[PDB]
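Engineer: Let me give you the structure first, and then I'll get to my questions.
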There are 2 protein chains.
Amino acid sequence: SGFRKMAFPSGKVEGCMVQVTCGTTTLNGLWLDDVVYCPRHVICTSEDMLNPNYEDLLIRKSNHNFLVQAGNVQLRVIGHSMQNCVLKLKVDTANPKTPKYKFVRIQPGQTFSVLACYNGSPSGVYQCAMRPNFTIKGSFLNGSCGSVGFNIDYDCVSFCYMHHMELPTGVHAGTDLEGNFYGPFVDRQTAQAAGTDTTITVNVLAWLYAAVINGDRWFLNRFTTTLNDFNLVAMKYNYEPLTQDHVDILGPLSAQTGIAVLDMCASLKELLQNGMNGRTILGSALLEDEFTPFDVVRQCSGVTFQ
Amino acid sequence: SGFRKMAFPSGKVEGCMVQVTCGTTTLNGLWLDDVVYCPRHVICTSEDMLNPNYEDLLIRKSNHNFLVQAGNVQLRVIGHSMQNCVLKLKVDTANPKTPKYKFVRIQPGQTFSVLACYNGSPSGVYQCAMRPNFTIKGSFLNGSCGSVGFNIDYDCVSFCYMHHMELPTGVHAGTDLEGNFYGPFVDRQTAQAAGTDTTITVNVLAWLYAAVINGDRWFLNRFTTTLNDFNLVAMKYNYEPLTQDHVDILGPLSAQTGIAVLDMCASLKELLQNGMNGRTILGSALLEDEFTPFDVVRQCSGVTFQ
Ligand SMILES: *[C@H](O)[C@H](C[C@@H]1CCNC1=O)NC(=O)[C@@H]1[C@@H]2[C@H](CN1C(=O)N(c1ccc(Cl)cc1)c1ccc(Cl)cc1)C2(C)C
Ligand SMILES: *[C@H](O)[C@H](C[C@@H]1CCNC1=O)NC(=O)[C@@H]1[C@@H]2[C@H](CN1C(=O)N(c1ccc(Cl)cc1)c1ccc(Cl)cc1)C2(C)C
């Protein structure tokens, strides 16, 4: 037993991480087969970053301007192209450590692991959720751009995020691996703002089930509620609406604990209207929303990755 | 910016993890050079685990009873010996993925990363602290024994923990890699209890500094206090005494923020006596104590590992 915010083992992604330097900008790239992917704002100077025309900036670049550094081995760049907000640097060596992989785009409310990197060297791994407002609450310092987010399915790495920038509230924005931003953000050094967030209701319910599985039961009650009457309460506390598909997805956790989904909704309703009154749930004094139903089932059942 | 509970990249440890099966018990082993380390209770049956005499049990074993499984390659065991509560299985192949490593024993209050494993396959990575009562609050299911805890220093893996058991409160107990238990626990299926815990005061102060660095300032005050008068408050709220060495260790964080350590103590005193009054610190509604001063400096500065 126990419940921890758990990242995927990072070894398969560590073997893909390289350093990309152009001019005075150094960031991280992702090396898969003979392509290195990295944020296109590597081609910018300090005054380029204010309102850049990236097509103009890129035509003025040469293959030899891009220094790609894989550990202590230099990778010769033999082609370059831009795809949306990422650069694809074609190199003369295929990465012998390339795992089986996919480029997937995730939905708000879904989670992934982030391998934070600096100078092509991995620094730490941690779990993130895509917020409803398409930001992530990460841990990123200067030089972290090009660090990626991912999930692992059995032996396959599904890359879903590449890091590009920090917003004024200290949250983070980036792209999928096709270079398309999550949310209404642009890779320009201009004033942008996250936009209002909401709490991921289905994830909070999943975490309440994790708690019950682990022996925290004090928030349970005999009461029940209808889905419509729960969603009236959710709206008022800035929670996302709960759909019948969310109820369906929570089915297995409901069956394992013997607590009906709508009964757990009644419990959540009381927690929202009363607070916790000095008690904790799974070591937290807040309702936690960055665990999906899948994350709960995985951890409270023990799936591995080969 | 941002602050996350961050684990070390796990790739170097992933390459050491193997499956050890003996009789009807399967658990994980750690393969370094030509030795596989694993909990000695792998040699036990169901009724052996109640009050085992491990010396007697081990003399009745043969090398061929131990099935060691490294991915899809079987490792032939050519010797076995017991060291305290771990078994050392000498195998006929040195692990070509053996990183540079050390066996270190950590202190309560220190943190490490855990690579949770099942059937020799890594499942997830997360950060733990050694509690003052020598337990850890982990996430461990059946078959997780032999999963290890570690820190990484530059290129060197310092292994500090091997997992052995869960206690009745749902916390976890294990050994260092010399097989010596952390705390007063034994690898017997008998009733044992954690013993009273305390909060790691120096770590809470480090986390308050992390918060300030990241722009949470509402808990700051003009007040100050003496070290002796702070420790009178710490005792009452079941916090560990703060020593002058703790004050010294917090020096760099104090200098970076411009907030004197004893001033931050006055802030902590007020938080203990008043609570938080509906506000949060770094996304938590509780005072968090599983970040060391080192963890804060590392993350709020950006050290990597090659
Ligand atoms: C790439 O390594 C870096 C990652 C940043 C650095 C700190 N945390 C991060 O996530 N990305 C950037 O520096 C991008 C890049 C230029 C500006 N930028 C950025 O993150 N910041 C920024 C955005 C808009 C404005 Cl008006 C000013 C700065 C930024 C915000 C906050 C902080 Cl503390 C640092 C940098 C591009 C081209 C947008
Ligand atoms: C090894 O894979 C396993 C890891 C356990 C399993 C669930 N969580 C864990 O950390 N370790 C054990 O099963 C050890 C092993 C026998 C008993 N044991 C153990 O963890 N449990 C236990 C300890 C004492 C008593 Cl009286 C009864 C059980 C245990 C506690 C709680 C739960 Cl939910 C499962 C198992 C050894 C030889 C102590």
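If you're wondering about the labels, chains in the structure tokens are A, B, ... by order shown, residues count from 1 in each chain, ligands from 1 in order shown.
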How would you write, as a ChimeraX atom specification, the set of residues no farther than 9 Å from ligand 1 when counting only C-alpha atoms and all ligand atoms?

Structural biologist: /A:25-28,39-42,44,46,48-52,118,138-147,163-174,186-192 /B:1-2

Engineer: Provide as a ChimeraX atom specification the residues of chain A at most 9 Å from chain B, counting only C-alpha atoms.

Structural biologist: /A:1-15,71,115-119,121-127,137-144,166,170-172,214-215,283-286,299-306

Engineer: For a quick check of understanding, using only C-alpha atoms, which of A:259, A:57, A:249, A:233 has the smallest distance to residue 220 (chain A)?

Structural biologist: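 Among the listed residues, the smallest separation from residue 220 (chain A) belongs to A:259.
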
Engineer: Out of region 99-248 of chain A, which residues get strand (DSSP E or B) from DSSP, as a PyMOL selection string?

Structural biologist: chain A and resi 101-103+111-118+121-129+136+148-153+156-166+172-175+181+199+239

Engineer: Just the selected residues (C-alpha atoms), exported as a PDB file, in the first residue's frame, please.

Structural biologist:
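Listing of part-v3.pdb after writing:
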ATOM      1  CA  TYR A 101       8.053   5.600 -29.685  1.00  0.00           C
ATOM      2  CA  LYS A 102       5.000   7.585 -30.705  1.00  0.00           C
ATOM      3  CA  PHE A 103       4.175  11.283 -30.919  1.00  0.00           C
ATOM      4  CA  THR A 111      -0.810  13.221 -16.733  1.00  0.00           C
ATOM      5  CA  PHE A 112       2.728  12.610 -17.921  1.00  0.00           C
ATOM      6  CA  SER A 113       6.285  12.420 -16.648  1.00  0.00           C
ATOM      7  CA  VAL A 114       8.781  15.211 -17.326  1.00  0.00           C
ATOM      8  CA  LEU A 115      12.535  14.562 -17.588  1.00  0.00           C
ATOM      9  CA  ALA A 116      13.987  17.951 -16.713  1.00  0.00           C
ATOM     10  CA  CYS A 117      17.298  18.510 -18.516  1.00  0.00           C
ATOM     11  CA  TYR A 118      20.072  21.098 -18.740  1.00  0.00           C
ATOM     12  CA  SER A 121      22.027  16.159 -19.218  1.00  0.00           C
ATOM     13  CA  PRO A 122      18.992  14.817 -17.305  1.00  0.00           C
ATOM     14  CA  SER A 123      18.496  16.463 -13.902  1.00  0.00           C
ATOM     15  CA  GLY A 124      15.278  14.997 -12.423  1.00  0.00           C
ATOM     16  CA  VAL A 125      11.970  13.335 -13.224  1.00  0.00           C
ATOM     17  CA  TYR A 126       8.510  14.239 -11.967  1.00  0.00           C
ATOM     18  CA  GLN A 127       4.839  13.883 -12.783  1.00  0.00           C
ATOM     19  CA  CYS A 128       2.710  16.717 -14.315  1.00  0.00           C
ATOM     20  CA  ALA A 129      -0.901  17.098 -15.424  1.00  0.00           C
ATOM     21  CA  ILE A 136       1.495  22.714 -16.695  1.00  0.00           C
ATOM     22  CA  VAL A 148      10.168  16.469 -22.878  1.00  0.00           C
ATOM     23  CA  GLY A 149       7.087  14.975 -21.248  1.00  0.00           C
ATOM     24  CA  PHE A 150       6.073  11.392 -21.891  1.00  0.00           C
ATOM     25  CA  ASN A 151       4.165   8.254 -20.890  1.00  0.00           C
ATOM     26  CA  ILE A 152       5.364   4.676 -21.287  1.00  0.00           C
ATOM     27  CA  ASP A 153       3.096   1.922 -22.586  1.00  0.00           C
ATOM     28  CA  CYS A 156       6.763   2.197 -26.081  1.00  0.00           C
ATOM     29  CA  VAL A 157       7.477   5.840 -25.210  1.00  0.00           C
ATOM     30  CA  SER A 158       4.621   8.193 -26.138  1.00  0.00           C
ATOM     31  CA  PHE A 159       6.122  11.676 -26.201  1.00  0.00           C
ATOM     32  CA  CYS A 160       3.478  14.306 -25.568  1.00  0.00           C
ATOM     33  CA  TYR A 161       5.229  17.539 -24.531  1.00  0.00           C
ATOM     34  CA  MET A 162       8.257  19.633 -25.309  1.00  0.00           C
ATOM     35  CA  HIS A 163       9.035  22.572 -23.037  1.00  0.00           C
ATOM     36  CA  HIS A 164       9.236  26.127 -24.458  1.00  0.00           C
ATOM     37  CA  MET A 165       8.500  28.856 -21.924  1.00  0.00           C
ATOM     38  CA  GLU A 166       7.355  30.113 -18.548  1.00  0.00           C
ATOM     39  CA  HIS A 172       4.796  26.528 -18.045  1.00  0.00           C
ATOM     40  CA  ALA A 173       3.802  26.241 -21.668  1.00  0.00           C
ATOM     41  CA  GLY A 174       4.998  24.076 -24.517  1.00  0.00           C
ATOM     42  CA  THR A 175       4.129  22.078 -27.584  1.00  0.00           C
ATOM     43  CA  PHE A 181       1.399  24.624 -28.804  1.00  0.00           C
ATOM     44  CA  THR A 199     -10.126  21.617 -10.958  1.00  0.00           C
ATOM     45  CA  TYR A 239     -14.776  22.199 -10.708  1.00  0.00           C
TER      46      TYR A 239
END

Engineer: Find the distance between CA of residue 218 (chain A) and CA of residue 243 (chain A) and write it in Å to one decimal.

Structural biologist: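 Separation between CA of residue 218 (chain A) and CA of residue 243 (chain A): 25.8 Å.
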
Engineer: Superimpose chain B on chain A so that the squared distances between all in-order C-alpha pairs are minimised, and send the result as a CSV table (one decimal) with C-alpha atoms, in the first residue's frame.

Structural biologist:
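To be explicit, this is the file written out as result-v1.csv:
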chain,number,residue,atom,x,y,z
B,1,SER,CA,0.0,0.0,0.0
B,2,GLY,CA,0.8,3.7,0.0
B,3,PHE,CA,0.2,6.4,-2.7
B,4,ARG,CA,2.9,8.6,-4.2
B,5,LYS,CA,3.0,10.9,-7.1
B,6,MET,CA,5.0,8.5,-9.3
B,7,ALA,CA,6.9,9.1,-12.6
B,8,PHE,CA,7.7,6.6,-15.2
B,9,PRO,CA,11.3,5.2,-15.2
B,10,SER,CA,13.2,7.7,-17.4
B,11,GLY,CA,16.0,5.6,-18.8
B,12,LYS,CA,14.5,5.2,-22.3
B,13,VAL,CA,14.2,9.0,-22.6
B,14,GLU,CA,17.6,9.7,-21.0
B,15,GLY,CA,19.3,8.0,-23.9
B,16,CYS,CA,17.6,10.4,-26.3
B,17,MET,CA,18.7,13.7,-24.7
B,18,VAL,CA,21.3,15.9,-26.4
B,19,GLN,CA,22.5,19.5,-26.2
B,20,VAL,CA,21.7,21.9,-29.0
B,21,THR,CA,23.7,25.2,-29.2
B,22,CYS,CA,23.2,27.9,-31.8
B,23,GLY,CA,24.8,31.3,-31.4
B,24,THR,CA,24.6,32.1,-27.7
B,25,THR,CA,21.5,29.9,-27.0
B,26,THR,CA,22.0,26.4,-25.5
B,27,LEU,CA,19.0,24.1,-24.9
B,28,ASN,CA,18.0,20.5,-25.1
B,29,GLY,CA,17.1,18.4,-28.1
B,30,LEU,CA,15.4,15.0,-28.5
B,31,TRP,CA,17.4,12.6,-30.7
B,32,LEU,CA,15.3,9.8,-32.3
B,33,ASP,CA,16.7,7.9,-35.3
B,34,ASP,CA,18.6,10.5,-37.3
B,35,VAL,CA,16.6,13.6,-36.3
B,36,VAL,CA,17.1,16.0,-33.3
B,37,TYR,CA,13.9,17.8,-32.3
B,38,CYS,CA,14.2,21.1,-30.4
B,39,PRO,CA,12.3,24.4,-29.8
B,40,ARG,CA,12.7,26.7,-32.8
B,41,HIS,CA,13.5,29.7,-30.6
B,42,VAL,CA,17.1,28.3,-30.4
B,43,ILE,CA,17.7,30.3,-33.6
B,44,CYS,CA,16.9,33.6,-31.9
B,45,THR,CA,19.2,36.1,-30.4
B,46,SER,CA,18.1,38.3,-27.4
B,47,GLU,CA,16.5,40.9,-29.7
B,48,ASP,CA,15.3,38.3,-32.1
B,49,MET,CA,13.1,36.8,-29.3
B,50,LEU,CA,10.9,40.0,-29.0
B,51,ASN,CA,8.9,39.6,-32.2
B,52,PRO,CA,10.7,37.0,-34.4
B,53,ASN,CA,9.9,36.1,-38.0
B,54,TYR,CA,11.1,32.5,-37.8
B,55,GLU,CA,11.0,31.8,-41.5
B,56,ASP,CA,13.3,34.7,-42.2
B,57,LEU,CA,15.5,33.8,-39.3
B,58,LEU,CA,15.9,30.2,-40.4
B,59,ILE,CA,16.7,30.9,-44.0
B,60,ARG,CA,19.8,32.8,-42.8
B,61,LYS,CA,21.0,29.8,-40.8
B,62,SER,CA,23.5,27.1,-42.0
B,63,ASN,CA,23.8,23.5,-40.9
B,64,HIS,CA,27.1,24.3,-39.4
B,65,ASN,CA,25.6,26.9,-37.1
B,66,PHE,CA,23.9,24.1,-35.1
B,67,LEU,CA,26.2,22.4,-32.6
B,68,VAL,CA,24.6,19.1,-31.5
B,69,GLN,CA,26.4,17.5,-28.6
B,70,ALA,CA,25.5,13.9,-27.5
B,71,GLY,CA,27.4,13.3,-24.3
B,72,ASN,CA,31.0,13.9,-25.4
B,73,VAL,CA,30.4,13.1,-29.1
B,74,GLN,CA,29.5,15.8,-31.6
B,75,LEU,CA,26.7,15.2,-34.1
B,76,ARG,CA,27.2,16.7,-37.5
B,77,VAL,CA,24.0,18.4,-38.7
B,78,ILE,CA,23.3,17.6,-42.4
B,79,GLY,CA,19.9,19.2,-42.8
B,80,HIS,CA,17.4,21.4,-41.0
B,81,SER,CA,13.8,22.2,-41.3
B,82,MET,CA,11.0,23.8,-39.3
B,83,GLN,CA,7.8,22.1,-38.3
B,84,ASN,CA,5.4,24.5,-36.6
B,85,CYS,CA,7.2,25.6,-33.4
B,86,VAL,CA,9.9,22.9,-33.4
B,87,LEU,CA,13.1,22.5,-35.5
B,88,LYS,CA,14.1,19.1,-37.0
B,89,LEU,CA,17.8,18.8,-37.4
B,90,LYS,CA,18.8,15.9,-39.5
B,91,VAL,CA,22.0,14.4,-38.3
B,92,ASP,CA,24.4,11.9,-39.9
B,93,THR,CA,24.1,9.3,-37.1
B,94,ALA,CA,21.0,7.4,-36.0
B,95,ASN,CA,20.6,7.2,-32.2
B,96,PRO,CA,21.3,3.6,-31.4
B,97,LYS,CA,19.3,4.1,-28.2
B,98,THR,CA,16.1,5.1,-30.0
B,99,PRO,CA,13.2,3.4,-28.1
B,100,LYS,CA,10.0,2.4,-29.8
B,101,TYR,CA,8.1,5.6,-29.7
B,102,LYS,CA,5.0,7.6,-30.7
B,103,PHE,CA,4.2,11.3,-30.9
B,104,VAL,CA,0.8,11.7,-29.2
B,105,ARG,CA,-1.1,14.8,-28.2
B,106,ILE,CA,-2.7,14.6,-24.8
B,107,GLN,CA,-5.9,16.1,-23.4
B,108,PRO,CA,-6.2,18.5,-20.4
B,109,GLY,CA,-6.7,16.4,-17.3
B,110,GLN,CA,-4.2,13.8,-18.4
B,111,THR,CA,-0.8,13.2,-16.7
B,112,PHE,CA,2.7,12.6,-17.9
B,113,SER,CA,6.3,12.4,-16.6
B,114,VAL,CA,8.8,15.2,-17.3
B,115,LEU,CA,12.5,14.6,-17.6
B,116,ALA,CA,14.0,18.0,-16.7
B,117,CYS,CA,17.3,18.5,-18.5
B,118,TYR,CA,20.1,21.1,-18.7
B,119,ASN,CA,22.9,21.1,-21.3
B,120,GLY,CA,21.6,17.8,-22.6
B,121,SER,CA,22.0,16.2,-19.2
B,122,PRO,CA,19.0,14.8,-17.3
B,123,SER,CA,18.5,16.5,-13.9
B,124,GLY,CA,15.3,15.0,-12.4
B,125,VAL,CA,12.0,13.3,-13.2
B,126,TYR,CA,8.5,14.2,-12.0
B,127,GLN,CA,4.8,13.9,-12.8
B,128,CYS,CA,2.7,16.7,-14.3
B,129,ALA,CA,-0.9,17.1,-15.4
B,130,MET,CA,-2.0,19.1,-18.4
B,131,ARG,CA,-4.2,21.8,-16.8
B,132,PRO,CA,-7.6,22.6,-18.2
B,133,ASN,CA,-6.1,25.9,-19.3
B,134,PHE,CA,-3.3,24.0,-21.2
B,135,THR,CA,-0.5,25.0,-18.9
B,136,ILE,CA,1.5,22.7,-16.7
B,137,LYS,CA,2.8,23.4,-13.2
B,138,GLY,CA,6.4,22.3,-13.7
B,139,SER,CA,9.8,22.9,-12.4
B,140,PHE,CA,11.9,24.6,-15.1
B,141,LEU,CA,15.0,26.9,-14.9
B,142,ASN,CA,16.9,28.7,-17.7
B,143,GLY,CA,18.2,26.1,-20.2
B,144,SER,CA,15.4,23.6,-19.6
B,145,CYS,CA,13.8,24.2,-23.0
B,146,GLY,CA,13.6,21.1,-25.1
B,147,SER,CA,13.0,18.9,-22.0
B,148,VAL,CA,10.2,16.5,-22.9
B,149,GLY,CA,7.1,15.0,-21.2
B,150,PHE,CA,6.1,11.4,-21.9
B,151,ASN,CA,4.2,8.3,-20.9
B,152,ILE,CA,5.4,4.7,-21.3
B,153,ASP,CA,3.1,1.9,-22.6
B,154,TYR,CA,4.6,-1.5,-22.0
B,155,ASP,CA,7.8,-0.9,-24.0
B,156,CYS,CA,6.8,2.2,-26.1
B,157,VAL,CA,7.5,5.8,-25.2
B,158,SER,CA,4.6,8.2,-26.1
B,159,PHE,CA,6.1,11.7,-26.2
B,160,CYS,CA,3.5,14.3,-25.6
B,161,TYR,CA,5.2,17.5,-24.5
B,162,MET,CA,8.3,19.6,-25.3
B,163,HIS,CA,9.0,22.6,-23.0
B,164,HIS,CA,9.2,26.1,-24.5
B,165,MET,CA,8.5,28.9,-21.9
B,166,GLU,CA,7.4,30.1,-18.5
B,167,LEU,CA,4.3,32.4,-18.1
B,168,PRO,CA,4.1,35.3,-15.7
B,169,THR,CA,2.3,33.2,-13.0
B,170,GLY,CA,5.2,30.8,-13.0
B,171,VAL,CA,3.4,28.0,-14.9
B,172,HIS,CA,4.8,26.5,-18.0
B,173,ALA,CA,3.8,26.2,-21.7
B,174,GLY,CA,5.0,24.1,-24.5
B,175,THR,CA,4.1,22.1,-27.6
B,176,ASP,CA,3.4,18.6,-28.7
B,177,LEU,CA,6.2,16.9,-30.6
B,178,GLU,CA,4.7,18.1,-33.9
B,179,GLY,CA,5.5,21.6,-32.7
B,180,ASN,CA,1.9,22.7,-32.0
B,181,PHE,CA,1.4,24.6,-28.8
B,182,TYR,CA,-0.8,23.4,-26.1
B,183,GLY,CA,-3.2,26.3,-25.6
B,184,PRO,CA,-3.2,29.9,-26.9
B,185,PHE,CA,0.5,30.6,-26.3
B,186,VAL,CA,3.2,31.6,-28.8
B,187,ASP,CA,7.0,31.3,-28.7
B,188,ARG,CA,7.5,35.1,-28.5
B,189,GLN,CA,9.0,37.1,-25.6
B,190,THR,CA,5.7,39.0,-25.1
B,191,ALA,CA,3.2,39.4,-22.3
B,192,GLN,CA,0.9,36.4,-22.3
B,193,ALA,CA,-1.4,35.1,-19.6
B,194,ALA,CA,-2.6,31.6,-18.6
B,195,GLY,CA,-6.3,32.2,-18.4
B,196,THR,CA,-8.6,30.9,-15.7
B,197,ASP,CA,-8.1,27.3,-14.6
B,198,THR,CA,-10.5,24.7,-13.1
B,199,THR,CA,-10.1,21.6,-11.0
B,200,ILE,CA,-10.2,18.2,-12.7
B,201,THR,CA,-13.2,16.6,-11.0
B,202,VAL,CA,-12.8,13.1,-12.3
B,203,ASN,CA,-9.2,13.0,-11.0
B,204,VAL,CA,-10.2,14.2,-7.6
B,205,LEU,CA,-12.7,11.4,-7.4
B,206,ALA,CA,-10.1,8.9,-8.6
B,207,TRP,CA,-7.8,10.1,-5.8
B,208,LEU,CA,-10.6,9.7,-3.2
B,209,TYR,CA,-10.8,6.1,-4.4
B,210,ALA,CA,-7.0,5.8,-4.0
B,211,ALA,CA,-7.5,7.0,-0.4
B,212,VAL,CA,-10.2,4.5,0.4
B,213,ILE,CA,-8.1,1.7,-1.1
B,214,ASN,CA,-5.3,2.8,1.3
B,215,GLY,CA,-7.6,3.0,4.4
B,216,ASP,CA,-8.6,6.7,4.6
B,217,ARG,CA,-12.3,6.5,5.0
B,218,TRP,CA,-13.3,9.4,7.3
B,219,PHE,CA,-14.9,11.4,4.4
B,220,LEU,CA,-17.3,8.7,3.4
B,221,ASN,CA,-21.0,9.0,4.1
B,222,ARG,CA,-24.3,7.2,3.7
B,223,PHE,CA,-25.6,10.1,1.6
B,224,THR,CA,-25.9,10.0,-2.2
B,225,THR,CA,-26.7,12.6,-4.9
B,226,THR,CA,-27.7,12.8,-8.5
B,227,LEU,CA,-25.2,13.6,-11.3
B,228,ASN,CA,-27.1,16.8,-12.1
B,229,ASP,CA,-27.2,17.9,-8.4
B,230,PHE,CA,-23.5,17.2,-8.0
B,231,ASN,CA,-22.6,19.2,-11.1
B,232,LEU,CA,-24.5,22.2,-9.6
B,233,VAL,CA,-22.1,22.1,-6.7
B,234,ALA,CA,-19.0,21.4,-9.0
B,235,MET,CA,-19.8,24.6,-11.0
B,236,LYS,CA,-19.9,26.7,-7.8
B,237,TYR,CA,-16.5,25.6,-6.6
B,238,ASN,CA,-14.9,25.9,-10.1
B,239,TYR,CA,-14.8,22.2,-10.7
B,240,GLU,CA,-15.2,20.7,-14.2
B,241,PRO,CA,-18.5,19.1,-15.0
B,242,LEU,CA,-18.6,15.4,-14.4
B,243,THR,CA,-19.9,13.4,-17.4
B,244,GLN,CA,-21.4,10.0,-17.7
B,245,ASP,CA,-18.2,8.9,-19.4
B,246,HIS,CA,-16.3,10.0,-16.3
B,247,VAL,CA,-18.7,7.9,-14.2
B,248,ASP,CA,-18.0,5.0,-16.5
B,249,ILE,CA,-14.2,5.4,-16.3
B,250,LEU,CA,-14.5,5.3,-12.5
B,251,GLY,CA,-16.4,2.0,-12.7
B,252,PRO,CA,-13.6,-0.4,-11.8
B,253,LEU,CA,-12.5,1.7,-8.8
B,254,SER,CA,-16.1,1.9,-7.7
B,255,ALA,CA,-16.4,-1.9,-8.0
B,256,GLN,CA,-13.1,-2.6,-6.1
B,257,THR,CA,-14.1,-0.4,-3.2
B,258,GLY,CA,-17.8,-1.1,-3.2
B,259,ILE,CA,-18.5,2.7,-3.1
B,260,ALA,CA,-20.9,3.9,-5.9
B,261,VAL,CA,-19.5,6.7,-8.0
B,262,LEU,CA,-22.4,8.9,-7.1
B,263,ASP,CA,-21.9,8.1,-3.4
B,264,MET,CA,-18.3,9.3,-3.8
B,265,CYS,CA,-19.7,12.4,-5.4
B,266,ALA,CA,-21.8,13.1,-2.3
B,267,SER,CA,-18.6,12.7,-0.3
B,268,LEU,CA,-16.8,15.2,-2.5
B,269,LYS,CA,-19.8,17.6,-2.2
B,270,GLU,CA,-19.5,17.6,1.6
B,271,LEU,CA,-15.7,18.1,1.4
B,272,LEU,CA,-16.3,21.1,-0.9
B,273,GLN,CA,-18.9,22.7,1.4
B,274,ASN,CA,-17.3,21.9,4.7
B,275,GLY,CA,-13.6,21.6,4.0
B,276,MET,CA,-11.5,18.9,5.8
B,277,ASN,CA,-11.7,20.2,9.4
B,278,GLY,CA,-8.1,19.6,10.3
B,279,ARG,CA,-7.8,16.1,8.7
B,280,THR,CA,-5.8,14.9,5.8
B,281,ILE,CA,-6.4,12.5,2.9
B,282,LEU,CA,-3.3,10.6,1.6
B,283,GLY,CA,-1.0,13.0,3.3
B,284,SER,CA,-2.7,16.1,1.7
B,285,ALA,CA,-4.8,18.9,3.3
B,286,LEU,CA,-6.1,19.8,-0.2
B,287,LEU,CA,-8.3,17.9,-2.7
B,288,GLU,CA,-5.7,16.6,-5.2
B,289,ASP,CA,-6.5,16.6,-8.9
B,290,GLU,CA,-3.4,15.4,-10.8
B,291,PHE,CA,-4.0,11.7,-10.6
B,292,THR,CA,-6.1,10.1,-13.4
B,293,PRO,CA,-8.2,7.0,-12.8
B,294,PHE,CA,-5.5,5.2,-14.8
B,295,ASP,CA,-2.7,6.5,-12.5
B,296,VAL,CA,-4.7,5.2,-9.4
B,297,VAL,CA,-5.3,1.8,-10.9
B,298,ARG,CA,-1.7,1.5,-12.1
B,299,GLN,CA,-0.2,2.3,-8.7
B,300,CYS,CA,-2.9,0.6,-6.6
B,301,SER,CA,-2.3,-2.6,-8.8
B,302,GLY,CA,1.4,-2.6,-9.9
B,303,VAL,CA,1.9,-2.5,-13.7
B,304,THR,CA,5.5,-2.4,-14.9
B,305,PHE,CA,7.3,-1.6,-18.2
B,306,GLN,CA,9.9,-3.6,-20.1

Engineer: Residues of region 103-221 of chain B classed as alpha helix (DSSP H) by DSSP on the backbone are to be reported as a list in words.

Structural biologist: residues 201, 202, 203, 204, 205, 206, 207, 208, 209, 210, 211, 212 and 213 of chain B
